[PDB]
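In: opening piece of the complex, as it sits:
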Amino acid sequence: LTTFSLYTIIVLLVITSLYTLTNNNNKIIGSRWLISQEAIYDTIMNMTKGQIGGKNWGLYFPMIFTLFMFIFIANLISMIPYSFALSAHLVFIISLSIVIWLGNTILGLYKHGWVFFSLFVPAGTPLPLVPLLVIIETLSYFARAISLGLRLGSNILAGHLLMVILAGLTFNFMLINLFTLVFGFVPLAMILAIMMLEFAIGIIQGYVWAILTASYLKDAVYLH
Amino acid sequence: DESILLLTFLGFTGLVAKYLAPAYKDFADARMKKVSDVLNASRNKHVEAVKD
Amino acid sequence: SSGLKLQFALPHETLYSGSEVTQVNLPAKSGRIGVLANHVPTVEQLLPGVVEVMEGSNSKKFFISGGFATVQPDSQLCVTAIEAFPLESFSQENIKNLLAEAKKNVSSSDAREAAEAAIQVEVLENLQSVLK
Amino acid sequence: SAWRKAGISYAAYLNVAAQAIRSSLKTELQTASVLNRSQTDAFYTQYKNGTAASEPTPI
Amino acid sequence: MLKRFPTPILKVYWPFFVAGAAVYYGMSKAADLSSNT
Amino acid sequence: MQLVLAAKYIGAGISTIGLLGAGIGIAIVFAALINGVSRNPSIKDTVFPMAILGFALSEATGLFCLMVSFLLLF
Amino acid sequence: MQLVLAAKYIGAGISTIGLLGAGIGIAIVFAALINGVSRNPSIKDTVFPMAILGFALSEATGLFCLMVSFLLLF
Amino acid sequence: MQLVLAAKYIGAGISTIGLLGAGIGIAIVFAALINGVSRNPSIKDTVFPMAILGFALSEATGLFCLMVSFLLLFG
Amino acid sequence: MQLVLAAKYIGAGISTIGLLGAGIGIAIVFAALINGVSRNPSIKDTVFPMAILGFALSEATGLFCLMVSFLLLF
Amino acid sequence: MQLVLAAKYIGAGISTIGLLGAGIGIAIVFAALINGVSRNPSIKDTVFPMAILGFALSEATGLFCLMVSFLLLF
Amino acid sequence: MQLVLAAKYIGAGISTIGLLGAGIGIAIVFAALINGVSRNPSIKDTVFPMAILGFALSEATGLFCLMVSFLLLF
Amino acid sequence: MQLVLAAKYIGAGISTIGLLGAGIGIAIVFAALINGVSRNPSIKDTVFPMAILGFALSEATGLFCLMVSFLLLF
Amino acid sequence: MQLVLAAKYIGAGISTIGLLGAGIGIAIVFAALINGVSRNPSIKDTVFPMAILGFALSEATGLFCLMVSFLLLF
């Protein structure tokens, strides 16, 4: 058995613990636990309605929902001090980005094929930089791939280990002589600010994931 | 070494119960009263339309 | 709108009033500004110079004695000014220069006359660019 | 130039601009509407709180 | 519980599933080529 | 060999100041955020995620340095 | 040989901070973005497509030096 | 071992000036704040919590700077 | 003797950060594009080739820099 | 151990010049203060407590920087 | 003599980034082009040869740096 | 231990250029004063005390910098 | 043992460039002085004495940098 797969089971138990215990007997009125999910559904709905802007825009709206929520929930469990890192396995998150990027390329080649390679020319340019504009495009084409993964877990792995080693700060500050208890309130507020940063580096970075791959969905579905 | 981050967590959640909980309470109460008032008013309006 | 509503207005004869136009070209406080079919709602005081109005038709060349260009937020640009002007016929060099020398002379007078005559020298020398 | 400090108001600045533009007229095209448009004939008289009088000067 | 709806995930979300299987095969190549480090 | 751990330490040190480029950048976003609202108070909620979104794109660039330090630290 | 990997460690250290101005630069695009819509509200979803394009290209400046840090890591 | 902690100290030295953009950053935020109240007087209490938002997270990046200079100084 | 390839690594480290200026540079080629085209919305097709003109031949100079790194790595 | 105190000395040397951007930022604070009071003399010393407060806490960054240099000397 | 070729390699490394002077510099010309045509579309091609004239004799200065690199590489 | 006073001297040298931030910034406060009174000639020398105050405290940064350099000199 | 005067000379080399941007700053003062007077010609003798006051006891502080480059040269 692995603690990581057990953490994924805890994630699915919280997923059960977000809607079933939320919904009091299928009521119209929309209780307080359901208002948050309503706000999430609306802020993803109105987002990707304007983002990809397609006639077929909602057809990937569940996907752009469910790719968010995993990062939304897995950065609500590692927030506990006595916990192990959930999404800081960079092989896993970068491999997720690889899966999403390759699914985008297969979608674009199944939808467009040879004219999907018409994405390489953004605008009409004079001759001595017409192919070069393609190349820096191709140079960005895997950079479109690699960065979004290599920009999520490296957030989270930078956060909590920080709160490990700066806990070691409190193991290096409150273990020297007794006047360390005098004006020793500012590392407490500093780690407080780091936790304020950590909720941001979970939630807003998950939204960054969502918005960047939503742009990539408009890239792969629509040829410019 | 790890219970100090737990102490920051307990103090932060105490500040959350001080600050964030009444704000989300008032937001939920306001949206609840708004949706309930509109849903009652539309029903009363077409009850009056039935009377007309 | 496709194009733009130009309201080119004068105290004696408002020439254009919501005329559908592609481009206006106007000397404002920041210099010569060309504005196309859409623009930010923007208020500018207009320096006396050459306004070129390009439409679906060609571009007309007028002189303006200053005023205000105001982009009404429905993409209605209102030029509110004083003087219209032909191609070059209303401009005459003997009329301009002989007055301009006298205006440089009046610019040596008292500051109520001197500042105004300096303005008049500035305007006639801007009109020398209309003489071109 | 420094008309804002020393000379005119901006309305009067453009008024002097219009007087220079219509002063730079084609005399064939300088119609009677132009000269009557510059027919400055208004007389201003500053009164006081006791309704005193100033000079009716030509503005 | 929850009313199950036949929402399109097989006739719509095929290529991301294909990409997941291909990345599993690439992990087969990687864990049979670079897991002995 | 007595230098290579010291080389890891000072290579971590020269890698560190890249967060500098975050710490300036995010600021002008907030400065533009003030010039998102000083000249246009009625649009600020429009840019209230849209500014801080840019924060999360700039902040992460700083966050892409110190942990490049840390792998050389560990 | 205890010195050459030491030098490639510090070479990865100096090849880190090339994100710096890029971590500035994306933000300044965002700065213009906050002055794009607070000036012009009805271009909000016209520039924001290409600007987040110009984000990624401004990423494409200051990212590859980062992986020059990683390939010199190995 | 006659060299490693000395290099640790100079590594804490070079990891101290990265909060340079602290001393710029928050300050130039305040600069726009001075602009924000100047061109708009009644927006000040509107913007100053947001600006103090634009303070707090804006400086903590530089904190990371010296905590590297706090760690390689000590460990 | 051990330094002739170790120094190539640190030369690759220093000779890569030129894109830094690109991370400053082309950003305003987008950002002045923004506050330009927010100022005039229908100048866009007028300027977006020209901007992607003024992008490309201003970027590739920085792309030379790490290229000088590449030959110094190999 | 003849090297380590000298290294502390040069470490206090490199950890001194962080006040460069501190002076730059407080100069930008007073510069915008002059530019704000030039357009708003009517509100001068309501902004100025907030201006000097942000000045105080913002120059405190470079103050903490050179006192880190002070303790690194010791 | 075993050291002078690695010294020339790192000399090519430090004689590299003067294209930084291009990598921002000429770009801001195009930035001034964009504003220079967004407020003024009729004065595009009045400037645009001359301005791209102002391209070349700037950026070539930056090019000088990397050819110095070649004469310190070969 | 020939290295230690030499390293005091070079630590003094590297602890000089923090005054460059003052050397920029104490000029730009008066530059903004030039600009502000050219905008607003009404209030010239009622903010000149505030301007020279920001001058004084802003060059006090560089004063602290070169007195650190002087105390590490001797 | 001939290391210390060599270190004094390179310490004079690193106590040198901390006036450079100072020479920028007074320069933008003059640019601001142009923004003083090309915008407002009536402000000239209002500014240009006091402005060159702003051009003095500013830049002499930057000159402190190179006089440090004398005291370790001796």
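Out: Received the coordinates, thanks. Residues are numbered from 1 along each chain as shown, chains lettered A, B, ... in the order given.
In: switch to C-alpha atoms for all contacts and neighbour counts from now on
Out: Noted.
In: distance of the closest residue to chain L within chain E from residue E:23?
Out: In chain E, the residue that lies nearest chain L is residue E:37 (43.8 Å; CA to the nearest CA). Distance of residue E:37 to residue E:23, given as CA to CA, to the nearest Å: 20 Å.
In: residue A:34 now?
Out: Taking CA to CA, one finds residue A:34 at 36 Å from residue E:23.
In: also residue C:32?
Out: Separation of residue C:32 from residue E:23 (CA to CA) stands at 59 Å.
In: before we move on, back to that, where does the residue of chain E closest to chain L land in three-state SS?
Out: Following DSSP: H, G, I helix; E, B strand; the rest coil, we place residue E:37 in the coil state.
In: which other helices and strands contact the lengthiest helix in chain A?
Out: Looking across chain A with DSSP state H, the single longest helix is helix A:186-221. Where contact means 3 or more CA pairs under 8 Å, 6 or more residues apart in numbering or on different chains; DSSP states H and E, helix A:186-221 is packed against helix A:32-51, helix A:61-74, helix A:90-111, helix A:130-149, helix A:153-173, helix B:3-51, helix F:48-62.
In: now these as a markdown table including distance to chain I and mean neighbour count?
Out: Formatted as a markdown table, those follow (distance: least, CA to the nearest CA, whole Å; neighbours: other CA atoms under 10 Å in any protein chain shown):
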| stretch | distance to chain I | mean neighbour count |
| --- | --- | --- |
| helix A:32-51 | 18 | 15 |
| helix A:61-74 | 28 | 18 |
| helix A:90-111 | 24 | 19 |
| helix A:130-149 | 7 | 17 |
| helix A:153-173 | 21 | 19 |
| helix B:3-51 | 35 | 13 |
| helix F:48-62 | 12 | 22 |
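In: in a markdown table, list these along with distance to residue F:21.
Out: Below are the helices and strands packed on helix A:186-221 laid out as a markdown table (distance: least, CA to CA, whole Å):
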| stretch | distance to residue F:21 |
| --- | --- |
| helix A:32-51 | 29 |
| helix A:61-74 | 27 |
| helix A:90-111 | 24 |
| helix A:130-149 | 18 |
| helix A:153-173 | 16 |
| helix B:3-51 | 29 |
| helix F:48-62 | 7 |
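In: so what's the residue nearest the centre of chain E closest to, chain neighbours aside?
Out: Nearest to the geometric centre of chain E sits residue E:20, at 2.5 Å (CA atoms, centre = their mean). Of all residues not flanking residue E:20 in the chain, residue A:99 sits nearest, at 5.6 Å (CA to CA, 6 or more residues apart in numbering or on different chains).
In: extend the structure above with chain N:
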Amino acid sequence: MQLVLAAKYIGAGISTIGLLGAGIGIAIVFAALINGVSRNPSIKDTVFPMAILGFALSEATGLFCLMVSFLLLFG
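Out: So that you can see how it sits with the rest, here is chain N on the chains above:
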């Protein structure tokens, strides 16, 4: 003294990028050149001598650095 030719080589390397101070600087003049004629289309033949005059005495200073590099390469 076995290093002094390599010292001249790398001193020429760190005296190479002074053209940076040319390569941006004249460019801003060209920026201002656009800010001449896009603002004042009647100022171009006014400024186009002076601005290209504003070319030389700027960038030649930066040229100084690399020619110092030249006399630090051979001289």
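In: residue in chain E nearest to chain N?
Out: Closest point on chain E to chain N, by CA to the nearest CA, is residue E:37, at 39.9 Å.
In: can you get me a residue count around that residue?
Out: 4 (other CA atoms under 10 Å in any protein chain shown).
In: also residue A:4?
Out: 14.
In: go ahead and confirm it touches residue A:87.
Out: No. Residue A:4 sits out of contact with residue A:87 when judged by CA atoms under 8 Å, with a separation of 9.8 Å.
In: check the gap between the residue in chain C that chain G sits nearest to and residue J:56 for me.
Out: Per CA to the nearest CA, the residue of chain C with the smallest distance to chain G is residue C:40, at 5.5 Å. Counting by CA to CA, the gap from residue C:40 to residue J:56 is 39 Å.
In: swap in residue A:75?
Out: Using CA to CA, residue A:75 is found at 36 Å from residue J:56.
In: and if you look at residue B:45?
Out: Distance of residue B:45 to residue J:56, computed by CA to CA: 60 Å.
In: for residue A:86, same thing?
Out: Taking CA to CA, one finds residue A:86 at 41 Å from residue J:56.
In: got it, and residue A:203?
Out: Counting by CA to CA, the gap from residue A:203 to residue J:56 is 32 Å.
In: can you check residue E:2 too?
Out: Look at residue E:2 and residue J:56: by CA to CA, they are 58 Å apart.
In: need the strands for chain C, in chain order.
Out: Under the criterion DSSP state E, strands of chain C are mapped to C:4-9, C:16-21, C:23-28, C:31-35, C:43-46, C:49-54, C:59-64, C:67-72, C:76-81.
In: so which helix or strand takes in residue E:21?
Out: Following DSSP states H and E, one finds residue E:21 within helix E:14-31.
In: what angle separates that helix from helix A:90-111?
Out: Comparing the axes of helix E:14-31 and helix A:90-111 via axes from the mean of the first three to the mean of the last three CA atoms, to 10 degrees yields an angle of 140 degrees.
In: show me what counts as buried in helix E:14-31.
Out: Of all the residues in helix E:14-31, those buried under the rule 16 or more other CA atoms under 10 Å in any protein chain shown are E:15-16, E:19-20, E:23.
In: residues near the residue of chain A found nearest chain M, how many?
Out: Residue nearest to chain M within chain A (CA to the nearest CA): residue A:190, separated by 33.8 Å. Residue A:190 sits with 15 neighbouring residues when counted by other CA under 10 Å.
In: mind giving me the packing neighbours of the lengthiest helix in chain D?
Out: Counting residues, the longest helix found in chain D (DSSP H) is helix D:10-23. Secondary-structure packing of helix D:10-23 (3+ CA pairs under 8 Å, 6+ apart): helix C:111-131.
In: please slot chain O in as well:
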Amino acid sequence: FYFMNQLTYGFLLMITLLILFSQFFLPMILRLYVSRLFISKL
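Out: Chain O, in position alongside the others:
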């Protein structure tokens, strides 16, 4: 080490939450949307 472990159980739970949220949790709120809209429109 656990590349197969994390990758395989991650694939399983990803496709699980795909089909799960798709068939369940978006239309259970879309029912609330259509219900409130149909009562308000009558």
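In: please re-evaluate the neighbour count of residue E:37 in the presence of chain O.
Out: Residue E:37: 5 neighbours (other CA under 10 Å).
In: separation between it and chain B?
Out: Residue E:37 is 32 Å from chain B, where distance means CA to the nearest CA, to the nearest Å.
In: one more: residue E:24?
Out: 37 Å.
In: need the contact list for that residue.
Out: The contact partners of residue E:24, by CA atoms under 8 Å, 6 or more residues apart in numbering or on different chains, come to O:7-8.
In: kindly recompute the last result at 10 Å.
Out: Neighbouring residues of residue E:24 by CA atoms under 10 Å, 6 or more residues apart in numbering or on different chains: A:95, A:99, E:18, E:30, O:4, O:7-8, O:11.
In: same question for residue D:42.
Out: D:56-59.
In: a markdown table please, covering the residues you listed and showing neighbour count and secondary structure.
Out: Below are the contacts of residue D:42 laid out as a markdown table (neighbours: other CA atoms under 10 Å in any protein chain shown; DSSP: H, G, I helix; E, B strand; the rest coil):
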| residue | neighbour count | secondary structure |
| --- | --- | --- |
| D:56 | 11 | coil |
| D:57 | 11 | strand |
| D:58 | 10 | strand |
| D:59 | 9 | coil |
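In: JSON lines for those, including distance to chain M?
Out: Listed next are the contacts of residue D:42 as JSON lines, based on distance: CA to the nearest CA, whole Å:
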{"residue": "D:56", "distance to chain M": "34"}
{"residue": "D:57", "distance to chain M": "31"}
{"residue": "D:58", "distance to chain M": "31"}
{"residue": "D:59", "distance to chain M": "28"}
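In: ok, of these, which one's closest to chain O?
Out: residue D:59 (68.2 Å).
In: residue in chain D nearest to chain N?
Out: Closest point on chain D to chain N, by CA to the nearest CA, is residue D:1, at 17.4 Å.
In: touching, that residue and residue C:123? I think so.
Out: No. Between residue D:1 and residue C:123 there is no contact under CA atoms under 10 Å: 11.0 Å.
In: so between the two, which is more surrounded?
Out: residue C:123 (24 against 14).
In: quick check: the more buried one touching residue D:18?
Out: Yes. Using CA under 10 Å, residue C:123 is in contact with residue D:18, at 9.3 Å.
In: how about the residue lying closest to residue F:18 once chain neighbours are set aside, what does it touch?
Out: Nearest non-adjacent residue to residue F:18, counting by CA to CA, 6+ apart: residue G:17, 4.4 Å away. Contact partners of residue G:17, counting by CA under 10 Å, 6+ apart, are F:14-21, F:61-62, F:64-66, G:23, G:62, G:65-66, G:69, I:16-17, I:20.
In: good, we can wrap up now.
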